[PDB]
Each structure stands twice: as C-alpha cells, then as structure tokens.
Amino acid sequence: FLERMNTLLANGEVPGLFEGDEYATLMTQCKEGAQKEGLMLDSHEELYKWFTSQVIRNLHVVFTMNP
Amino acid sequence: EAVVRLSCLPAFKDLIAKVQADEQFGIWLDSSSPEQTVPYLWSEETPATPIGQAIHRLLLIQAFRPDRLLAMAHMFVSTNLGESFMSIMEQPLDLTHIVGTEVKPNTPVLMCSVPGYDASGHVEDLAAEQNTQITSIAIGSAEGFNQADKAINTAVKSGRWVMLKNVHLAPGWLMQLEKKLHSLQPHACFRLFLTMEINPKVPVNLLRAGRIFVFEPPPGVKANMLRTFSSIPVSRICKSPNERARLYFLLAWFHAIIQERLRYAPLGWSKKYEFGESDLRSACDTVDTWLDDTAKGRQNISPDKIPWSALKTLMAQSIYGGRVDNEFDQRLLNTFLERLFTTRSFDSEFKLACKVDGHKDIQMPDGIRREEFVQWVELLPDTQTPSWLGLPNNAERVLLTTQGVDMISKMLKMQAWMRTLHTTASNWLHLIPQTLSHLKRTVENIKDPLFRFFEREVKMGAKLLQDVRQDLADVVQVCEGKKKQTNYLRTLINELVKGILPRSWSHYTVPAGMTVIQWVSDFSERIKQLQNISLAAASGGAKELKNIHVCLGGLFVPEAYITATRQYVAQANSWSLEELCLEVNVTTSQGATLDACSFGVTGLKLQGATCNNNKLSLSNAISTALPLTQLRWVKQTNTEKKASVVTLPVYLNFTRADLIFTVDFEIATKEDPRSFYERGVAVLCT
Amino acid sequence: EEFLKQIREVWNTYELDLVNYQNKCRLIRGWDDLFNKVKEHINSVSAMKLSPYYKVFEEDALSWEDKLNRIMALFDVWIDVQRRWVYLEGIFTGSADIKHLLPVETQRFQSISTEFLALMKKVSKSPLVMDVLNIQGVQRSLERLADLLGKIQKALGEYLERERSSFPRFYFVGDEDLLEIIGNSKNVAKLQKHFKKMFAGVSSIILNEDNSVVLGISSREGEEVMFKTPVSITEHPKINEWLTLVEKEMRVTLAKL
Amino acid sequence: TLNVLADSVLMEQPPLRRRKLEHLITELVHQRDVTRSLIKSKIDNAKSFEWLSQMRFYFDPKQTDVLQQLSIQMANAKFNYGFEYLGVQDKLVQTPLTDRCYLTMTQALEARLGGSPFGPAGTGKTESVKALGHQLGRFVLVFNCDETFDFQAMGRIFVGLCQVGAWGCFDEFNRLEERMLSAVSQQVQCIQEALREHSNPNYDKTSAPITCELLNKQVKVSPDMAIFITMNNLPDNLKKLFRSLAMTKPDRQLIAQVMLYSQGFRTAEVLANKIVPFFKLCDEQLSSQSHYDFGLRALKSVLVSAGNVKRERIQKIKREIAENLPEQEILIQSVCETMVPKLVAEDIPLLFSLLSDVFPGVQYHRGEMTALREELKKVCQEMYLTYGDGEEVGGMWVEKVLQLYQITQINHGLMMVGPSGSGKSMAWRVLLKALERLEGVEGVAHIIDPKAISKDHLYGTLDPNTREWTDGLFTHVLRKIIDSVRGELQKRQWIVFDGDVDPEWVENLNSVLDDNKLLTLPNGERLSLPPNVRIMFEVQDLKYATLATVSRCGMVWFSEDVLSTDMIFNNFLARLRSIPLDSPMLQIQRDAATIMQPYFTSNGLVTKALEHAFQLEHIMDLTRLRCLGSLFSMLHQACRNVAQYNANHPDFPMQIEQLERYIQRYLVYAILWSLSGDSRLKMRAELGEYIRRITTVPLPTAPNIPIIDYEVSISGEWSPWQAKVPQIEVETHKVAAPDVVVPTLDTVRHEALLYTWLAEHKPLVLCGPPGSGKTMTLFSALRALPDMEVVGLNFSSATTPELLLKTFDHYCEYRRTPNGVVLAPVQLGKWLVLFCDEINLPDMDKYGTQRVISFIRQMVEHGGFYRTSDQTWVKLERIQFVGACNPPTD
Ligand SMILES: Nc1ncnc2c1ncn2[C@@H]1O[C@H](COP(=O)(O)OP(=O)(O)NP(=O)(O)O)[C@@H](O)[C@H]1O
Ligand SMILES: Nc1ncnc2c1ncn2[C@@H]1O[C@H](COP(=O)(O)OP(=O)(O)OP(=O)(O)O)[C@@H](O)[C@H]1O
Ligand SMILES: Nc1ncnc2c1ncn2[C@@H]1O[C@H](COP(=O)(O)OP(=O)(O)O)[C@@H](O)[C@H]1O
C-alpha cells in the first residue's frame, strides 16, 4: 500500500499503474482533456507527461496516522 | 552462609554470639526433629505473639537443618490457622458426600490420577454401596465416542450415572463433550465421571467447569507390594510348581524397589524412568513362560534348576532395561537383579535388604504359598527408611530439602519494577567483571593442545560476557527511559522480572531450573577463573598453562579439557591417544607439585563416600569435598583391574543428567563394589 | 443504473476461451477468471438488491440474478465434468489393455465421451456465454454427464480395490502406478519401473525372448535368481494371478537354493 | 574359514563377489566372537541360556511347506524364515548393542508387542530394525518422516502390511505433525490391538480371522507383520503396546575393527582404536559447521575408501604376499582425501595436528597429478590467471582445483561452497578447459540461476485442465542432453547451479543427486542422468540447505584464504597488459602497468591501504573484490583519459615523465575514491591521512583541505575541484525546479565518478541518506551523455523480475541473427541504462535472498539470462544497470 505514495510524491506519477488497455484508456482521456484545455493529440508520451504535470499541480493526497 | 544471610534481619543481628554461647545447639543440629524444640535465639525487645515465634523458628529451621522445613511449615500453619487443618486431608477421601451434594449434575466429576494408577475403583465401590448403576465406557476406540454419547443421553434422560475412562486420549472430543455438557441437564441425579490421567493435552475449559480429584499411589514398599499382589490374579500365582509363588514375590519385591527408588531421582536412578505396570506385566509373562518351559510338570522343582540366568538377562536387557540409557543405571539394575534373583533366594537365611537402620535386616519370609507371602507383606513395619532400597538413610533428608526449596519457589512463583530492576542490574554489573581480552593466538607454541583449548574457552567466554554486559547496560539505560525498548529487550526484561535465565544468555550447559542470580554468580566465578588463565598465559606462556589448578565446574566444556589434557600428554614423549589411560590420585595439598603427567583439578565433590590415601570408604555425610585431584595419563599396561576398584562417574552438576568421564577408585577392603553401586556414590564437578 | 449496463455489456461480450486438447476437442480455459467474475457479479447484485434505489431496478436486478445463478449452476458442474472427463480420457486412452479388463465401463465411457464431444463441438460453434446458456437442455445433459462419470469413477475405484485384494503387494504402489500397471500389462517394460516398490530386492523380471514366460527375477545390482519351474504369462494372462505365481515360485526356488 | 576369506579378499574380485566376501567375513567374525567367549566359558548344556540367547537357525528340509523349512529361534521367540528375496543388502556389524536390540525386539514380537528403539539420531535404530527384518527374511518398509509423508499412501501401505505380512519401521515418529502423529498413532493402535488379540491365551487357535479396521473396512492381519516406531516420547495411545529400547551409544570401536578386517587390513584392531577417537576429536576440537559429518556413516565411507586405496596400491605394486604396506599411511591418506576438501582453511592445521596426535609419525603425501597439473598451468596462463605449486603463490587455489577434480571423478553432484570473493567459478572453468585439452573431450557448461526463475519455470508445469506438460529450464536441458540430437554425449556436460540453495527448488533434485540418478517429473515421465553429466552447486554460505541435499553431494570448500590479494593484482596487471580497453591503446596500457607495478606488491601501498580500509566503518559491508574491481575500473578510465589526451594532441603526445606523474597521482586518487569511497567525510579524511603517512608519491601541499576534495589533472598536477565548479544563474521562473541542477563540488565529483564507472559499463549504486539528491545527480549525469537512454524503475517491496522482464519487452527486442538470442534496445547506438532506485528495498524471501537482486547478479556477471518462453540463453548487449538506495540501517 505504501511506496506507491512515495513515488507519486517524489516524481508525481506511478508508472506501474498504467499498462495495456488501461494505458490506452488513460491516453484517450488525456487527449480529451487536452482538447478541453486547447491542446491536441501531439505525442502519446507527451500526453503522459501532461498527465503527470497536471497530477503534480492538482493532486494533494492526505494521509493520517496516530503517534 | 545461611546464618550470615539471616543475621541481616534486625531481630537476628546477634545470631553469631548466640550460637557460639549456646552449647546445646550442637546436639540440637543432630536431633531427629529439630523443629519440635527450636532454641530461643532471636533477639527481640518485646515478647512476641505465638505466630511471631513460629515465624522466627521457621526462619531458624530454614537456616539450620532446612530438610525439616516442610515439617516446621506444617507446625507454622497449625500455630496460625488452627490445629488439625490438614487432618481431613490425611483421612481417606469420602467423596460419596461430594457426589451427593456440593456437585451439580451439570458439573462433571474428573478423576485425574498420577501416571501408573487407576481411579475407577473408588467410584465403582461407591456405586456398589449407593446401588446406582453406571455405564462404564472406555474411550480408546472410535465406537467409544458414539457409545458414550448414547449412554450419557440415556442416563440424563432417565437419571443414571455415566463413566468415561482414559479420556485423556481424546482432547478435541473432550472439548466437544464440554460444549455439549454446557447445555442444561434436565435430571438432578445424573452424574458424569471422567476417569483420567494427569496430562497437559486436555482442555482447560473442562478442568474449569468440573470438580477435579487428584489420586496418588500411596508411598511405601509395603503399599506398592500389596498393590502388585492385588493386581495379579490369584490363579496365576497358585499354579504350576509352588516355587512360582516365591518367584512372583521376588519379582514383586524387586518391582517395589525400583519404583520406590524413583522418588529419589538424582540419587538412585539419575533420571525419572517410567517403570510402570507394563514392565511388571512383561516380567510376569517372562517368568511364567520360562518356568513352564523349564519345569514341564506340576511337581516342585529344585531352586538350582530355576533358569536364573534367563530371568536376569531378560529383566536386565529387555524388560526394565530397555528404557535405561546410561551405563551406570544399567549396572545398578544388574546389581539388583543379581542380588535378588539367585538360587540363594530360596534359603531361609536370605536377606532381602541388609544394613537397614544400622543393624536390622529384612529377613526373607519362609513361605511356599501365596497367602504366607501376602501376610508377610501385610506385617511390614511402617518405619520404612530409604536403607530398605539400598540408599543411605540421609537421602530422605536430601529429598525433603529439595521439596523445601521447591515450596519456596512456588511461593515466589505466586507473588514499579524499574527501580528494583535498576538496583539488581547495577549490582550485577558491579559483581560481573568488566572485560577479559583474547591474549592468545601466538604462532609459536601453537602445538600445545592446552593453548588451543584455553583459546577457545577465553574466546567464547569473552564473547558471551560482552553480550551479557551489553544487554545489562541496555536494561540499565531503559529503566530510566534514556533509550527505546525493542522486542529482544522486551523478552529479556520479561524473563529477568520473572526470574528465569534468558535463553540468549545460556551458551553453555546449565542445571535445569536455575535462577538468574545463581547463574550470574557462576558467571562471575567462571570469568575470574578465565582471567586467571589469561594472566598466567601472559606471564609465563604455554608452559604455565599446565601448572594451573583449574576447576572443572567453572569450565564450560570439561570433557574438552580432559581431551586437551590427553592430547598434551600424548604429544610429550610421543605417545598415541589410545595408549593413555586416566589415573586419579587425591592429594591433600591444594598446591602439591605436579610431575610431567599430573594435572590439578579442584572443586570435585564426592557424594556418599570419603576418600583417604586414594582409598574410598562409605559414609553417611554427603558432599565430601576433595582437596585436590591429580589426573595422570599413563601408558596402558593391558591388565585386568582388580576386584578392589570401582568405576565412579563424574557428573557435572548435582542433577545427574550429563556425564563427563569415569574415575577408577580403590575402595577399602571392608566394603564391596556392589554397595557402592547401589548407594549412588558419584563425583560432581559443581 | 450504470453498473447494470456494465454487467450487461460484460456478459453480452464475454467469450469462453477454448484450447486444443490432443487435436480432439477445444476445451474451456479460464475457469478461475470466470468463477471470480461470476462470484463478484452475484455479490454485487445482492449488494445493490440491498440499496434504497433498488425498487426502481427491481425487476432487472431479479432477472439478472436469475441469469447469474443459472450461469454459476451450469459452470460449477461444467468444471467437474471437465476434470473428470480429462481424467478418464487419460486413463482409458493412454492404454490398450483397459478395454479388456473393464469392457462395459469402457463402453459407457465411449458413450459419455461421444456425448461430451458433441456438446464440445456445439459450444465451439458458439462460444458466447449467453448462447451457451440458451442451448436446449444443457443443464440436464451436464447432470447426466456428471452422474455417469461419478458412477464410472466409483466402479473404477472398486476395481482397483479388487485388484489390490487379489495381489496384496499392489497396496504399496499408488493409484496412478497401479493403473499404469494394469493398463500396460502387455508390455512388461513399463512394469519394471514399479518392481522396486512392491518386492523387497527384486528390481526387474528376466523374461523369454517373446515376453511369454517369466524366466526369473533380478535385483537392483544385477544379481539374478532363476526359477526352477518358470511361470508362463501366456497361461495366466491376468496380471494378479501370474504375479502371485511369480512370488510363490520365487519363495520356492529360494528354499530349494 | 576366516583366514581363507581374509586371504581371498586381498586379491582382485568382482564387486558382487567382494560384497559376498565381506558379508561372510562379518558373519564369521561374529560367530568367532560368540563361540570363543560366550560359549567357551564352561558351557556344556544345549538348554543353557548362554546359548539359547544367541540367534539359532534350524533347518528341516523334509517339511513340505517352504515357509516352515527354516526356523530362527532367539531366547523363547520362534520365527519362520519368510524367504523374501533381498538382493544384496548391507549387512550390519553385530555389535553387543545390536545383539541387545535383537533380543529385545524378538521378545516384544513374541508377546505381540511393537518395538520402539529410541535414541539420538545416527545410532542405527532404523538400520538395526531393517537388519533384524532381513535376518528373518521379511520385507521391510521404512516410512521416512522428513516431510515426505501423506495419508493416501500410508493407509493403503498399512493395509498391505497387514495383508502380505511385511514389516513397517518409522524413521523418526516424533517429527510428525501433531494431527498426522495422532492419526497414524490411531491406525497403529488398531493394528497392534489386532495383533495382540491374535495371541489370546483362550483364543490361541484362531478360527475366525484376526481382523482390523482400516480405510473404513475390515482388513485381515497376518500374524507375521509388525510395526516398529523409532523415536528421538511415545503417544499415550501406544505406551502400553510398545516395548522401548535405548540405543544411545553404538559400539564404533567394534564396527570399525570388523569392517577394516573385512577390507583386508591385517591390523584392524589398532586402526579402529586410532580412527574412532580420531573422529571423536574431529567432531569436538574442530569448529562447528553445517556441512561437517563425523557420524557412523562418514566413518564407514572413510573405511571403505581406505580399503579401496589399499587394494589399488596392491594392484600397482603387483604390476611392477605384499603385506608389508604401511596400513596406517593408507588410512590417514583416505581420511585426508575424504575430509580435507570440505574443511575450512582454519581447520586444516587443526586436522593435521589431530592426525599427528593420534597417528604419530605417519605423514600424508598427496597425488602429484603432473599429467593434468601442466594443462592447468597452460590454461591459467592463457586466462591471465596465477598458478603455483605448493608453498608458492597459487598453491591453495590449485590444490582446491585438484580436489574438485578428485570429487568430480569420485561422484556426480558436486557442491563448491565459499564466501563471496573466492576462486570458485574460475576453478571449475579452468578445470573444464584443462580436462577438454587433456582428455580431448569437449566441455560444455550450462550456468543456471535457480532463483532467477520460479520452481514452475525451472522444472516445467502441467496444465490444470489440458493436462499438457511443458518442461522448465533444467528439465529441458536434461532432455536435450539425453536426446543427443546434436551429439552432446561424448562431451562433458556440467549443469552448474550458480546461486544459493534452499530446500524448495531442490525438492526434485534429491532423487537425482543420490545413487538413483533419476528425475521424476509430475506428468509421469522419468529422466536418467547420463554418466557424462555432473551437476554442480556453486553456492556461497550453505546456511539454508537441508542435510538431505548436503549429504548426497561431494563438497569442496573455497575459503577466502585461497584467493590472495597478489592473485587479484597479478590478474589485473595481466589483463591490462594483454586485453585492450578497445595497438597505441595497448602501448599506453603497458606503460601504465609498468608504472603502477611497484605499488601492486605484497606489501605495497595498495595492500596496506586495503588492510586499513577494512578497519574503517562503511555504510555497506566491505568486500575485497568490490573495492578492488572499482579501483581497476578507475585505473582503466585513467588509461582511457591518457589515450584521449594523446588523441587530442597528435603532436607531442604523452611523455614518460608526465605519464608517470599522472599515473602515480591517479593511483592515489583512485585509492581514495575506491577504498572508503562509500563512507562519511571523517572516514575519508582518516584514510587520506593514513595514505599520506605511508606513501612516497607527492600529495597536495595544502594542510587544511582534505585530499579527497582535490583531483588529478591531465598535466600531472593536483588541482582543486572548486576551480572546476562553475557559477550558474538559473531562470527566475525555474527556481527550485524539479530538474534544475546547480553545479557544486559534490555534483561534479560524483559526475566524474559516474562517467568513469559508466565508461566500463560497471553497474553502480548511489547509496545515500534520503534527500541527498542521488536520483537528481544520477539523472543529470546519465542524460548529459548523448548516447545514453534512461528508464526509471521504482523497485517496490513486492518487486519481482517480472517488472524487469516487462521493462525489456516495452523497451528492448529479441534478435536471432547472432550466434544466440540477443536482447537489444530498439534504438540503435543507444545504451539503455536501467535506473533502479530503492534497489535493496525488495523483500528477502524466507531463505535470506532477493529474487530481483539475484536476477541482476546473473545478468551482470554472465552477460545474459535464460528466457522461460523457450528455455534459451539470451545475451545482453547495449544494456547497463544503475542503482540507488537508502542506507541498509534504515
Ligand atoms: N547539485 C544539486 N543541484 C540541484 N538541486 C540539488 C542538488 N543537490 C541537491 N539538490 C536538491 O535536493 C533535493 C534532493 O531530493 P531528490 O532529488 O529527490 O533526491 P532523492 O535521491 O530522490 N531523495 P530520496 O530518493 O528520498 O533518497 C532536491 O530538491 C534537489 O533539487
Ligand atoms: N589464480 C586465480 N584463480 C582464481 N581467480 C583469480 C586468480 N587470479 C585472479 N583471480 C580473480 O579472482 C576472481 C575469482 O572470482 P570467481 O569467479 O571465482 O568468483 P565467484 O565465487 O564465482 O563469485 P561470487 O563472489 O559472486 O560467489 C576473479 O576476479 C579473477 O579475475
Ligand atoms: N551396529 C552397526 N554396525 C555397523 N554400522 C552401523 C551400526 N549401526 C548403525 N550403523 C550405520 O550408521 C548409519 C546410520 O544409521 P541410521 O540407521 O541412519 O541411524 P538412525 O537410526 O538414527 O536413523 C548406517 O548407514 C549404518 O550403516
């Protein structure tokens, strides 16, 4: 459950989550979001980079412990 | 030491002058029952209550003559909670009232017996007197479970009782029975009895939900022999040549001996062997078969024609001897069998036991039929000393002493810890020496076996000392909470507060049930000895190692010391190890000079005998310390040892569980080696 | 509502995977995935049956639960029929002597296999799960398949117990080993790998040139004991009778030696 | 008769007749001992128990029934010989303990009880039971409890024991699991109750068959069967049904004497009296290791080997009566040949001291083997290795190679064990090529990592429904070898199992390592290992291997003492002088090696610096080969830098004086950055002071700045790193950006180190505390290079080599056109560098190893790996690994 938080914290993405049809669907919704923001299909790796940047500027995960 | 410890109390500060001034204290020490008349020794400013007098006398008995402590213990209760408190316990258990009232039909009655005993007789006889039937059932077989189920259902529906024998073989089904019994039982007269053996596999819930009854076999040779004769059917004894009956008596007597010697586990049998009813039945079958084979007809057969060799060999190597592992217990069993089973046993002058109570002897009955032997059994006097079994009379005293400390342990086992843990750890750190270094591993004189052996000893001793000191420092740091506490340290602190030595600390052999305080004291002694060894090696080298009076008890692996000594003697003069045999000479001087082959050993303690001029003699007093033992390795001359020597074992601690080696001691001409064998004379390293 | 659509499209586009088995049929692979999907769908149907908005989709949820229950009840029998069918196919087709020893059971298995192969061709022609479920009398046929296979398996077990009783030393070898022993009776080469399990020191049998008479026995290290009166397999064709004769003659020749 | 047998056994006999002779000698010795003393002690009656106790045989051939012809009587117990053929079995030496065991066992059997020979393991309880069963000619089955137990076979086995009338002995009953033990005890109780009721005094004439309840059915119980339960207590069910017997101390002094007499030795008594205490001393004085075995079985093996050696010496003398041999010399030589290879280097002087103590004045001379010791020299010279004889540099390693050859000849299933950094792989590689050059038989070695693949991939899997068997790596290799479609027979095939050993992946390997040489696959197929195939276990510690696998394999122990530092230095210098880092480059390498030769001596600067760096504190455990290899790589980079400078200056190239200064300064710089290059600043400073104290090469004259902060320039002078630190001005919008790398002292020093260690493609791990910029520095250095493509893998706590495999599938491709399958990046000319942060974080399994770490080790050391798709060895090119991880103490 942990060390997946650490990677998205140090970089902003977890590369192991997206593969195959999941990666293709993520690519599709990424290009749709690019159209919404005014961008285009461009490159698939570039769309993944756009997804990563949007995650690092938008996502804020909050996680709680007891001392 | 006991007086020194007791004088720490303010009421006993003048104990030393009190004991010196009194002159009847010496005769009081040797009295049969010191607890009856304890001299007024404690110093008190005001007269004390009788309970206080009992407490002070109990303390004195713990100091002087601890063996009577249990007896004194009884007196204390009688002086506090009233006389005849345990008197009902001595009276035979009248459990008919217990099964009538005070026991609900819901609560089962469990009858737990010591292994080798049966409890169904009492309940069966009470059923006979209370004219209520019981469906007695054995739970050995698979059909036994369903049979018990239908029987208990029928009896709870009608109002009868049920029996379930040897239920310790079905623990899970016992739990199921407890769950089933937890339901309401409509009838009130229904009673469920669980005859059973004391075994830890059984459920705790059943024990909690039922009334437990502990049954023991009564101690005494007479009681054991009567039980054996009652167990054997009469027809077996009164059949074939009449001598059979006598033989059975002999067997019975023998059995009783090797059972009653079991209660004295360290002195008399080394370990706690089973020697149960199965061995007795096998011996009975062997005697029956061999008597039938030798004497075809019913006519009486001459005592010399009895196959004595067959019985002796079969009951020394197949029955009663299969479970015997070490050589010396086998030798003792052979001595017993040869003493009893011989053609002399059929004479009127045969002595089953000699030296009993100093001069009295157990004369063998002059009988031919079973009834006379049974009558002789019933006429045995109650004053049965351990001298009947061949043990010295003081063994009983020793046994009582053991029970005494066990009792204390139980009181300790059944009785804010940071402060006391700190003070104990600090005291131990002040007690345990700081550090010894590996001043070893010299290229020159590596060939000396003692050098290598002491290198290994010093290495592993310093290693384990560093480990113990590190753990103790960790405990010190945590008791103030100056650092965190880990799982290993949690286990260590729990084991320390419970008073059991840590498992991570015991890297060498240890007596069972040893307290941490005694363990660390022996640690300090061993570290002092190893530091002396290192100092001698540094000062003189490898030569000085030979001329050291090393104690075997302190050394962690004494057999390795003996091996290294053998190698050292073999290397000098260029001998091979097979040709070196060990010779022990007891020297009075603690620092007597050693020749090229003698090595000094101190701390050896002889039990049951005293040595003078390398000659042994039997004595009542135990733990006769040997002044100095010279171990010599001489070239074997290939001769047969004379009949005036004994091969005494050398155990390491008082619990005779591990054997180090054997010593050939010459005995005085008056005694015989058989008496040495039966009395359990031995040498202890500690 | 959307989850119902997801379930509908999942089970309307689901296809049964088929893998070839010895160029005989195309058998179903992916039992674990299908079972997990069915169990998850059933649990979710029961879960949203508990929902407050369930009254709107009550009839659709009930119909879909009925469909899922039918699918589960079919496939839990289909997997058992599969495992049994491959087991009996392996044992009745890997040997040639199995026909003689159990002829009526072999005929029953031939019938059950013909029916199963017809069903397998039918499902192969339409691998969709809804099409498979809609085929006429699939559950009844599966029940008959399973019960006949269970009965023939019990008969096979009884026959193996009878063979064990006839020759006690067969109790040491396993069920598979004993099956290979009886099935490969004609070729003694496959028998010699089991002789080290039944007998004590015997590791092979020295036979005639045509493997007709058992000339003697041979231990593991090559020591040979020659029977004084050789036992003929051609006269006692049954494996148990001539094996018992071998053991008895071995004891007799040992005594004579 | 004994004299005739002893004369005959000395000659040459076929092995079967040899075994018959030894059995006859043992039985005749026992008979002589019985008659000489136990019967000649004034005994004159045939009914005296001194004679009835001995195992008597009575033959009545007139009886028609075969089972009734021979009667075996002992004490009052009578049995009929079962006449079950036993082949040729090992006969036990009848020690007095064995006689007592026989007496008690037949006494128990007569009373229809069972036998419980309890005692410590290794006293021969199961062997004694088997010998008793074979004496009466009964089939005996031994149910080993070493987790090879089950209900389904055990129930029917009990039914068979009841039916046919065989014997059943349990090797160690106490080791069974509690429920297993209880159920087996229930079945044993049923069987033994049936046996007990079979001899009812009122029902002695058994009219109705004696029956018992097993497998939920009635089973007839034959009167001749029995159950023996060997222990190490008995269950409460069986306490009243079994007779116990203590077998604690077997009489080794008599076993050794009897076997040495059977082997032909004429002084067996003295040799036994020497060799039993000697093995006791070997067990006690010597250090404790898992693989040592000084029990009775080892003594028996040593004695039979000594007999073989004496017979071979007799044959050699004859081809060139003969009873003047030094039998003690033969015994000690056999002991050495059997025990020295599996001894640690520390214990060898201890073993020889014990041998001198017990065998005084008897010396051991090893075999010369000058025929192969010359091919070893040639192969070592051709591999740029170091070879030496005896006390010379190389004696220990060559002796280890000779011992490996000896154990290879003796048996298959070798096990080379030694701490990481010893000459293990090189030893067997050199042995293989030397054998191929000597005998003319081509040697082929298959290197397999058992942990790189799962057990299913290693051995094959069966389809759960399709019932189709697909073979794994080892199974496919064995099948390919046995099929000989190419001619792998007549070629020495060595399946070396590089890696560690755990009781999981070797479960099917016990059946082939032992004398069976048979691999049993789950599908039913059986494979026989051909005689020209040896399976080697190249392991490191042998701490998580069961005794069953260890005892089945001959062993050679490779201590770190074997591979001395001079060996490593000589090999490095030879490779520098011979192998180019790519002729002018070779000339530069030779000049550099000539310059640094004085420092790479026995007591040179490098050795002293190493002995110092060992005492320091390092974040990871120091290994001699790790620092030595990093140093060698950095010197290779120094030579490359010299070549590059010469290329940049076509006129006036590097001169001898300037090259000498540059090489001496670079050597100190490389010692500083290789030894203690993974430590704190204080440790680096301490090592700098120490090397300053010893060395004579010029050092930076500044007494304030530690030398570690300095560097060596191409001109041959010490220059500060601070002068090479540039001043950068990042854009305002890019302050504290994820990718901005402001240069600093660390950023440039580690940059130079990274370039140096990536020139040789050596994988490296940037271990440092969290937040130190390890990944940032690594990415900057990697992406600064134009021909390097970087892929970042975050190793999670559940990371498996499947993540790696997916990585090469996504980024690389398989190409068949070379000699073997090649895994190469899709981009041409681009060296794919696999980034692995948190490389140590993946979890160790139950047996103290990491799966992905072992995969990386295999793919780095060998250059490739086996793919499970078709079980073939793909070779990696244009692929590097770079790692990063937090300190292990975290
Ligand atoms: N030379 C440098 N140039 C630029 N930024 C640097 C430099 N050294 C350190 N930093 C910064 O220091 C921080 C180091 O964090 P980071 O780059 O994530 O290293 P890290 O190895 O991933 N830490 P961790 O993975 O948890 O062990 C980042 O904010 C870097 O930008
Ligand atoms: N004479 C020599 N014999 C053996 N190795 C030598 C010799 N001279 C130098 N060496 C070096 O010693 C090393 C031997 O390593 P080897 O392959 O034997 O290790 P390994 O035990 O298989 O590895 P690991 O440490 O992973 O277990 C090599 O670096 C080799 O170059
Ligand atoms: N009396 C004996 N004479 C000769 N060899 C013996 C004797 N007892 C044991 N051995 C040897 O000891 C070895 C191991 O004994 P084993 O039966 O495995 O011990 P355990 O009973 O603990 O399993 C056997 O190979 C056997 O040859």
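Scroll up a little and you will see the structure.
Novice: What's the story with the site of ligand 2 in this structure? I'm lost.
Specialist: Residues and elements named next belong to chain D. Among the 16 residues in the neighbourhood of ligand 2, the closest are listed as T386, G421, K424, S425 and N571. The side chain of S420 places a nitrogen or oxygen atom 3.0 Å from an oxygen atom of ligand 2. Protein contact buries 83% of the 650 Å² of open area that ligand 2 shows by itself. At the level of elements, α15 (425-439) and α20 (565-578) are the ones that each hand at least two residues to the shell around ligand 2. Looking at which element gives the most residues to the shell around ligand 2, the answer is α20, with three residues.

Novice: Explain the arrangement of the chains here, please?
Specialist: A gap remains between chain A and chain B, which never touch, and the nearest two C-alpha atoms on either side lie 15 Å apart. Where chain A comes nearest to chain C, the C-alpha atoms are still 15 Å apart, and the two do not contact one another.

Novice: Just checking my understanding: could you explain the nonpolar core for this structure?
Specialist: Buried together is how nonpolar side chains tend to be arranged in soluble globular proteins. Core analysis: the biggest nonpolar cluster contains 133 residues, and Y561(B), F278(D), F497(D), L509(D) and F537(D) have the highest contact counts within it. Considering every element that reaches this core, the biggest residue donor is helix α9 (residues 268-284) of chain D, with nine residues. With residues up to four places along the chain from it excluded, the contact list for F537(D) reads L414(D), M415(D), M416(D), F497(D), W505(D), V506(D), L509(D), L513(D) and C553(D). In this structure, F569(D), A593(D), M596(D) and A670(D) belong to the second largest nonpolar core, which totals 103 residues.

Novice: Would you take a moment to explain the sheet that holds strand β2 (residues 134-138) of chain B for this structure?
Specialist: Residue and element names in this part refer to chain B. With parallel pairing, five strands are arranged side by side in an open sheet as β2-β3-β4-β1-β5. Both edges of this open sheet fall to β2 and β5 (211-215), since each of them pairs with a single strand only. Each neighbouring strand pair of the sheet contributes to a mean axis angle of 20 degrees, computed without reference to strand direction. Its contacts with the sheet place helix α8 (residues 120-129) against β1 (109-113), β2, β3 (161-165), β4 (191-197) and β5, and it is angled at close to 165 degrees to β3.

Novice: Would you mind showing me how to read the site of ligand 3 here?
Specialist: All names here are of chain D. Surveying the vicinity of ligand 3 reveals 16 residues, the closest of which are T98, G122, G124, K125 and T126. In this structure, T95 approaches ligand 3 through a side-chain N or O atom, which is 3.5 Å from a nitrogen atom. Contacts to ligand 3 include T126, whose backbone N or O atom sits 3.1 Å from an oxygen atom. Expressed as a share of its isolated accessible area of 570 Å², the protein-covered part of ligand 3 is 89%. Residue assignment for the shell around ligand 3 shows that the elements contributing at least two residues are α5 (125-135) and α10 (296-318).

Here is what the cut-offs are and how they apply
Residues numbered from 1 in each chain as written, not as in the entry; some residues may be left out. Chains lettered and ligands numbered in written order. Part of a larger assembly, values for the part shown. Heavy atoms only, no water. Residues with missing side-chain atoms left out of burial classes, pairs and counts. Near = heavy atom within 4 Å. Polar contact = N/O pair within 3.5 Å; in protein donor to acceptor, adjacent residues only side chain to side chain. Areas by Shrake-Rupley, 256 points an atom, 1.4 Å probe, with all protein chains shown as cover. Helix = DSSP H or I, 4+ residues; strand = E, 2+ residues; numbered from the N terminus. Contact = heavy atoms within 4.5 Å. Core = buried A, V, L, I, M, F, W, Y, C linked by side-chain atoms within 4.5 Å. Buried < 20%, exposed > 50% of the residue type's maximum accessible area, 1.4 Å probe, protein only. Pairing = 2+ DSSP bridges. Axes fitted to C-alpha atoms, helices over the stretch in contact; angles between N-to-C directions.

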